[PDB]
Amino acid sequence: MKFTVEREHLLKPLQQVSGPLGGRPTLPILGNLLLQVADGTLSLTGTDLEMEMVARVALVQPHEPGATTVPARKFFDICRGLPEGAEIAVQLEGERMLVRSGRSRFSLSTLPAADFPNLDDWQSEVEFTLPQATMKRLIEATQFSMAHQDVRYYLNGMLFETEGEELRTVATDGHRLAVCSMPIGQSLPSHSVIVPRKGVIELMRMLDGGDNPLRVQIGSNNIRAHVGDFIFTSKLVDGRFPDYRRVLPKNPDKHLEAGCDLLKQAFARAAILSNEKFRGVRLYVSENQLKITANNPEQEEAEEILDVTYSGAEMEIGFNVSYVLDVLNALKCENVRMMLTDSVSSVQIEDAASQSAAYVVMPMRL
Amino acid sequence: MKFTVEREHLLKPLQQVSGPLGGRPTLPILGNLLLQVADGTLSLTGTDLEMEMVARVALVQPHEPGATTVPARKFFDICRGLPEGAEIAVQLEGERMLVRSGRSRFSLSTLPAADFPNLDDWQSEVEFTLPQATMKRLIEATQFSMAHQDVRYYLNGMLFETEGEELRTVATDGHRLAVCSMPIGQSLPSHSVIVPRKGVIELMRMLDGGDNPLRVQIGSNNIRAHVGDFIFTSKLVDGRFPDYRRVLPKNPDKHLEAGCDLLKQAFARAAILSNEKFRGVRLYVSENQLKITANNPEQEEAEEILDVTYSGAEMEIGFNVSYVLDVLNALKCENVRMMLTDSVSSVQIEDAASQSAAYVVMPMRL
Amino acid sequence: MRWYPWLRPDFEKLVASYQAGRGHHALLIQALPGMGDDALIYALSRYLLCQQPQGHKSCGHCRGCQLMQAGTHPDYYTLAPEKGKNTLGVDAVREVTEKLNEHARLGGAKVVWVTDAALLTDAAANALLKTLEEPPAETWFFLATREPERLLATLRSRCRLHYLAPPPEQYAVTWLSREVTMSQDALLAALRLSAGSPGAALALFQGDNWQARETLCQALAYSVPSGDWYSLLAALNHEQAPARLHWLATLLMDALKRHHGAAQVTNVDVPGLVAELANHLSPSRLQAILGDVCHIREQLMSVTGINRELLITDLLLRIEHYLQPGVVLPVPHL
Amino acid sequence: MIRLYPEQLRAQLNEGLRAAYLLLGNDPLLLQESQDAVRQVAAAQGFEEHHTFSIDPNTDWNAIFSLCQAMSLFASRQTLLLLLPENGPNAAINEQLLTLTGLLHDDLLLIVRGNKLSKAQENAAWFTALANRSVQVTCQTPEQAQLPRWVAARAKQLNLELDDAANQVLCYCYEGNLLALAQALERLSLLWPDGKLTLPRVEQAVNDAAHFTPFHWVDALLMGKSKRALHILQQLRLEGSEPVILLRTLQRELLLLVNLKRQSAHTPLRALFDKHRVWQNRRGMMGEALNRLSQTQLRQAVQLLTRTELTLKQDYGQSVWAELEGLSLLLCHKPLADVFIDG
Amino acid sequence: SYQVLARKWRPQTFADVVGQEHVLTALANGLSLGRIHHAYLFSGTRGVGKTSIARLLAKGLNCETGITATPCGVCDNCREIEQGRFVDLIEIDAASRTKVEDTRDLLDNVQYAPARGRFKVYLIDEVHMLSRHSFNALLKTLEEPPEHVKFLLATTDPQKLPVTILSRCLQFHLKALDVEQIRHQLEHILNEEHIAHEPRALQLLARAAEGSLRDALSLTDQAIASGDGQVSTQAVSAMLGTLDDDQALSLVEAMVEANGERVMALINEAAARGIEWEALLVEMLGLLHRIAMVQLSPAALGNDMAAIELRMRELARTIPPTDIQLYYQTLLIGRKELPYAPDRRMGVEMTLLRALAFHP
Amino acid sequence: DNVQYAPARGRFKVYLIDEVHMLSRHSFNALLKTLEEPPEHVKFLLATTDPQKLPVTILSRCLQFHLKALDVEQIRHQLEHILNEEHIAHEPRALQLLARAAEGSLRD
Ligand SMILES: Nc1ncnc2c1ncn2[C@@H]1O[C@H](COP(=O)(O)OP(=O)(O)OP(O)(O)=S)[C@@H](O)[C@H]1O
Ligand SMILES: [Mg+2]
Ligand SMILES: [Zn+2]
Ligand SMILES: [Zn+2]
């Protein structure tokens, strides 16, 4: 059993797995990396008691099945010490692994592989595949509304909802809702799950928007995604995410269309003089008119007027300018449609070109 | 009060006046810039009490004379955030300032101009024009030697002495004195004033190699510089700069002329091969020989031998490598002459061709 | 930790509840020190986390059992005070609750072990109350405390209380005799001293506590006739002062019971000292001194950072003052 | 290797300057005046540089080395002052000091200021090396007994006239604050050029600005002067000093006294003092404290101290100073029925 | 999924709650009349219906059919509140959210309109754990909040809160449930659960509940687990360590008649049988109170103790009332200090010896 | 920092600080200078339930007004007046009980 490795190909999975790993795992073996070999491939796996990230790479040279554990810090130091572009020779000899660096031999502590918290068997409840572009678009549309730290634990993640041919992502923090749904091409059972903050953040920072589609399988408790040679699995929460249909306005009569660029520029210009902490603005909407006003604790008034299309009455709506700016930034379209009922009701934002995504903002009451 | 300008003309002067003005202000009004329109010119002063930067712009619209103070940060943000090419019309209503730009309106709170710290009517003791090149040369020649942090507050800056048709700058940090003189061309009364480090730094920042004649006004305790339509006023640091006349050796009979580039590369090699701190390098100069040795009692002596053009008496002096390196960097030429009296004396460095600037350094006792 | 024989029945009972799926999510074990409640909690957690349990005992070879042996199970979030401290903060409870807030990695059950709820801070206990009221599905808690009365009323209300009674006195005596080779009188004295909880008596024998008790008894024997109780401080000033105060209180109680007439005494190993203490002091003096000793022991235990030697010498001086005739003796009163 | 005092340091400077100087002690005024005199004598000799540095691990040493190995561009024979840390030199500071002694140059005038070193800190390589040319000026603050003579000498040097009452008032108002004492003397001299300072003169232009330490309070309680104990307690309270350190310092001596009194029934005092290895100067003080109070006291005192600690760190009140002054009065020859203090 | 009786039988309507008639009537009348306050503080002992009543009020306020005194419990919002999902019902733990940022964001998000319901209910639990600065910052919100937020405050003891908080909140004192109410609720729950039960067992469990119904349900679950799924008198007695015999009376007689050896032997055998010491002290206190009552009025004695009537009567004829009061006082003192004693046995023995010291 | 600016529309820029005793000692010392010599268009209205916690300098820099706990009769009269204005039936004994319950705080 000889392990021959190339430094250039070795680099990348090691960095990806060591990313989540910290300086102090708080356990003797949690920071250790599980290296296993089966058939003609080897998998390098890392866990932090709440996720598992495994990179699988094939080989050409013969070998035998096995599994072992290697410290991450010492392994990284050994890799760094070796000259770039060299070959790494590892041997499983007794209780201590033997690494041959040229004419030098070094002994590294080894621990049993049966003690590594890794899944031996996996069961999937709903499985499918999608291009990375679909997931990237959905997350970019929905994640910015995700809550960071709220007592309502169910509201600090993202709801993945698969219904028939449609896949949807929903997020909210009690003040703003972002929903993004579109077809995937294959029918699926009506299943809804919640992915936490860390899962979505890791998926985003790991996703590269490549042409190779990734497969996602969601079991009873966990969600696993395999893209290319990487597989990342996290554990869900199932906090019974609130139904997104109700929070949406019920038949909003007052609809107004505006230019996305003009509206975003107007809101950005208003935000400078708005309350730097509350960040509240007022919108006087009237016939083909939108007057944006902002005040400061120092009584600094900022007013601007925008020409839009609107056939409703005159009303005044309070908003958080930061949330509106985030929605506009995540929108990235030429036209924006705002639907509302009254000053004391949530206001919905969509695009006329495509309704695949929608957002809802809760107004300000003083 | 009323005027109208273009944000293109105000983006630069606002940045200039608001540049030095940073952090919290000692007095609230010091956090506000004073803008005054009169006789077709708008002057904005970003006073910092110790320093005052005034930027003047031309007004062609039908303005109205008047002065007022307004916070610099938010006004600059308002000017910058408007669409490119938009014209800004400013008016005063009551105690507030109204800013109009096309369809956008803003209101700002303004303090009375009376409470603004008035620039006293002190008459300049010595006023004179000067080209930018001479001032820049003087600053470059007499800025590396001033102490950055010294208990003697008067040594932090450098002393400008005007005598007859001559302006001289002397800088020191307790070990070396660099003195550079330039004939003004106009006879002026004798006067010496110390300019602080920050003042000279701001002055050299203002220099841009333009054709505008830089007018310098030296007062009892204030130095003012006019460049085109920009004014920079600083408060002279008090104290009494030590006289440089006594420092200059009378008859340094021993002379050493050598290629400036050769000494530069020798010092660079010594420094890179003697990166260890402390232990000033000892140079033994002899007939057509210069051996620089590291004083490090622990590190191996990285002795370096060069063939200088010296043919006088031989001696070893324990100089500081960084000091001589900086002094030679300040004198960028092909040849350099150093004159000394004996083992214990102040060696004076000068250009073998030019002698206007003198670099009287002293050896580090060993 | 060790699994003592007397844990066999109670465990076999508790697991039976979990065998039926009706086990209580919050379990509070009321066990004295040395009763091995930690072993019981560990066995219950092992059974709960076993993937393919057989009968009552865990299989020992499934993934859950392997992780338990390795002590790195993603579930099983234990709560305990820091090694350098003696109390559990609210931050630890917060992070453990956050970890429990989501599904188990193995898909089985999540277990939470509070090593000692008595050390739990008021804020920490109040934070734990919410998760204890309505734990997520397949979430189990295993608290432990010597005196449940010391815990908050709410926290005790949430939990299902299981009292781990000690074995019969003869059984504990013979178990200790088989374990430690020492006179049966000393074993019985230690068992009665440890509230009849074997293991705690075994721990006392294992350490130098027995020699400390002998030294304290000799010092008290010297002091009682001469009346120089101050010398007792030499045998009392130590990091284990509460235990020594408990020993002194038991000696005084034995002397008082001998005065009132009794057939059994906790400190059976020293009949002479008990007899001398009972003879040389009146029952009122014995009662006053015993009450003072218990009060000072309670003050030392409850109060943090109190000057040990100062309190001990104050107690000794007050005891000497009581022995003086004509001095009013205080009586306990709420 | 000459140990001197600031009073006679002027003559030592006049007869000739020394290569090494170091001021060791705790008195601020004496240290300041010695430093000023040395610096003025150096300036008269022709030393224009007065570099000052504070020893601390955060502070660097490259500047110090460069300045000690280099002269001044417009001066010569520099002078360097080192402010030792309050705790004292450590191993790194010892290495730095011996390094400085290694390359020390005659033209450099070395001055050192800081708290007086201990016996363990007294011996060192740099200290022994400098001993060949070291003059150390003891700068301790004079005791209460030495205060009246010191202030009388200070006033006489200022050509003033002080009577016994004025000397006592000055000692009471500025005990341990000799800097404020000298400032008050200067102020009184300015106010009354005649130079005769009677009791009304001093008393109408003085303020209570004395500074003390808990050891002084314990000493006052041992002596038994109620007025001094109350005054020092007031000063410590106004200084913001926490009562925990006072309680601990009192407790140590209280336990020592209790042990001595209880074990002195049939044991010679000398043997107990030798075994306890207490300060020789404190033997008579401990004897006076022991014979001043009997076993009837030292019992309510301990109970009172325990009650004070409990009410301090359990009730977290602000009446701790009242209990402290009550205990102070108790330790003196006072009735102190203890019903008020709940001893 | 199986749930404990406390979670299973949490009231879901204003009629399912037992006791606390006054507060329920006040809440129902306020909801019906529309005179609803913005701050409801609930004060009372544990296990009396703080969270239950707060959640019922939240459901009534947030019901989709308007503000109703008795919420239906079937709406989307009603069901979400019942399941702890309603976003507008923010359940905050005071102990956890003591940091400055927590309260600052708590009072900063009030301006945002409710996501789903008509009121953004804030259910703050154990409000007495909040810091003083938290109360000071929240005074303004508690005084004049916007007309879309209601603060529901729950605390075991209200006196610890700042007086201003009590001033700005409507205080509802949840009375501790009596023995009869607890017994009736347990009987109803067991009947609805198809579990056989004996009247003696229910009475003992209600007595041991100490006025808290959650504790009663926990004890019932413990008996069910230990009682092989049967609430039997013997099983409950064994679980609770209740003497319900003449041992307590014999020990009281020995204590009154001095005879320390008898008291020590009784305590030794009681410890051997492994009984609950607090139960023994409570039994002694009850016996002493009964003796005092019969001394005052002989007719105040029941027939349950008929087998021990005459002997008990003898005490009423032999012990003067002052001695009875002394013994009761000593037993209560022992009760107070029993938890803090080095051992339960030591505490009981000290109490009994102190009582023995007393004599005519 | 913003005190110097003129009031928006009102004739004075009144400040009303609630529970001023909660301010730290450093905050009080910083506030001392503005309290002694505030701008002519600025008024401070401090309020606190416990005035003994304030520094002596703060107390001397401002006019103190110690509101007294309202009398039971005054509380009863106010309750009767408001109930009569709201057209609500009431009984004298109920008002007496309510006034007794409210020690001196009319809000209670
Ligand atoms: N008044 C009551 N009416 C009906 N059931 C009650 C009552 N009080 C308690 N319970 C039961 O006990 C369970 C939990 O008690 P709670 O309703 O939370 O009382 P509580 O006062 O909130 O408890 P605390 O104070 O948080 S320990 C409920 O789900 C009910 O099953
Ligand atoms: Mg509750
Ligand atoms: Zn198993
Ligand atoms: Zn409903």
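To find a chain, count down the sequence lines: A is the first, B the second, and so on, and within it residues start at 1.
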Main-chain N/O of E:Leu249 paired to E:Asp246 side chain as donor or acceptor, under 3.5 Å: no
Ion pair C:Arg156/C:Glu149, N-O distance below 4.0 Å: yes
Enclosure of E:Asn303 CG (heavy-atom neighbours >12, cutoff 6.0 Å): no
Residue pair E:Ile319, E:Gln295: steps toward the side-chain contact (heavy atoms from CB on, under 4.5 Å) verdict: CA-CA 9 Å; E:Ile319 314 172; E:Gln295 283 182 349; 4.1 Å; yes
Residue from C:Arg297, C:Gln287, C:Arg318 passing side-chain hydrogen bond (donor to acceptor under 3.5 Å, both in side chains) with C:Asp292: C:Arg318
Minimum side-chain heavy-atom gap C:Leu281-C:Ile289 below 4.5 Å: yes
Evaluation steps, side-chain contact (heavy atoms from CB on, under 4.5 Å), between E:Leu280 and E:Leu251: CA-CA 10 Å; E:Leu280 171 55; E:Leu251 191 47; 4.0 Å; yes
E:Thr155 side-chain N/O to E:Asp157 backbone N/O, donor-acceptor pair under 3.5 Å: yes
Close side-chain approach of E:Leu161 and E:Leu41, heavy atoms under 4.5 Å: yes
Separation of E:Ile195 CD1 from E:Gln230 CD (nearest 0.5 Å): 7.5 Å
Main-chain N/O of C:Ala153 paired to C:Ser157 side chain as donor or acceptor, under 3.5 Å: no
Verdict with reasoning, E:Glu193 to E:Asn191, per side-chain hydrogen bond (donor to acceptor under 3.5 Å, both in side chains): CA-CA 5 Å; E:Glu193 203 71 357; E:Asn191 288 15; over 6 Å; no
Side-chain heavy-atom pair C:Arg258, C:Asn279 within 4.5 angstrom cut-off: no
Criterion side-chain contact (heavy atoms from CB on, under 4.5 Å) on C:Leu28 and C:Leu151, from CA distance to verdict: CA-CA 11 Å; C:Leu28 189 163; C:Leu151 281 53; 3.7 Å; yes
NZ-CD distance between E:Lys50 and E:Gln20, expressed to the nearest 0.5 angstrom: 10.0 Å
Check: C:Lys257 and C:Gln264 side chains under 4.5 Å, non-hydrogen atoms: yes
CZ (F:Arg100) with more than 12 external heavy atoms under 6.0 Å: no
Working for salt bridge (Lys or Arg N to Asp or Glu O under 4.0 Å), residues E:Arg344 and E:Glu276: CA-CA 9 Å; E:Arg344 235 73 181 279; E:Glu276 181 62 17; 3.6 Å; yes
For the student: nearest non-hydrogen atoms of C:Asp122 and E:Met129, plus distance: OD1-CE, 3.8 Å
Point-to-point distance, once rounded to the nearest 0.5 Å, from OG of E:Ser226 to OH of C:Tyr163: 15.5 Å
Side-chain heavy atoms of E:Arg10 within contact of E:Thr51, under 4.5 Å: yes
Candidates C:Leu252, C:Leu188, C:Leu251, C:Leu277 - the one meeting side chain to side chain contact (heavy atoms under 4.5 Å, CB included) with C:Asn267: C:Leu251
Check: C:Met35 main-chain N/O paired with C:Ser197 side-chain donor or acceptor under 3.5 Å: no
Closest contact, heavy atoms only, E:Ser250 versus E:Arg262: CB-NH2, 4.5 Å
Nearest-0.5 Å distance that lies between atom CG in C:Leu329 and atom CZ in C:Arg285: 5.5 Å
Any donor-acceptor N/O pair, E:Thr220 side chain to E:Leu217 backbone, under 3.5 Å: yes
More than 12 heavy atoms from other groups under 6.0 Å of CZ on E:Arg290: no
Heavy-atom pair of closest approach, residues E:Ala355 and E:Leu331: CB-CD2, 4.5 Å
Test side chain to side chain contact (heavy atoms under 4.5 Å, CB included) applied to E:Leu174 and E:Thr45, E:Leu24, E:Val23, the passing residue: E:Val23
Exceeds 12 heavy-atom contacts within 6.0 angstrom, atom CD of E:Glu257: no
C:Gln30 (side chain) donor-acceptor with C:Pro148 (main chain) under 3.5 angstrom: no
Student check: side-chain heavy atoms of E:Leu287 and E:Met312 closer than 4.5 Å: yes
E:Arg354 and E:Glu337 ion-paired at < 4.0 Å: yes
E:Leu243 and E:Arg273, any side-chain heavy atoms less than 4.5 Å apart: yes
Flag for E:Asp323-E:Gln325: side-chain donor and acceptor within less than 3.5 Å: no
Minimum-distance pair of heavy atoms, taken over all atoms of C:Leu193 and E:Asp343: O-OD2, 3.9 Å
Interatomic spacing from NE2 in C:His260 to CG in E:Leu356 - rounded to 0.5 Å: 5.0 Å
Sidechain-backbone polar pair: C:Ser302 side chain, C:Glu298 backbone, donor-acceptor under 3.5 Å: no
C:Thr266 (side chain) donor-acceptor with C:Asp254 (main chain) under 3.5 angstrom: no
No-hydrogen, no-angle side-chain donor-acceptor test under 3.5 Å, C:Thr154 and E:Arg46: no
Heavy-atom pair of closest approach, residues E:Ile189 and E:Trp9: CG2-NE1, 3.4 Å
Atom pair CD (C:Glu133) and CG (C:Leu128), whose distance is rounded to the nearest 0.5 Å: 11.0 Å
E:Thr351 vs E:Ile333, side-chain contact (heavy atoms from CB on, under 4.5 Å): CA-CA, chis, key distance, verdict: CA-CA 7 Å; E:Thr351 307; E:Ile333 291 167; over 6 Å; no
Under 3.5 Å donor-acceptor, E:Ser297 side chain and E:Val294 backbone: no
C:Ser17 versus E:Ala225, closest heavy-atom pair with distance: OG-CB, 4.3 Å
Heavy-atom neighbours of E:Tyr340 OH exceed 12 at 6.0 Å: no
Backbone of E:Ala6 reached by a side-chain donor or acceptor of E:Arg214 within 3.5 Å: no
C:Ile29 vs C:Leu143 side-chain heavy atoms within contact, under 4.5 Å: no
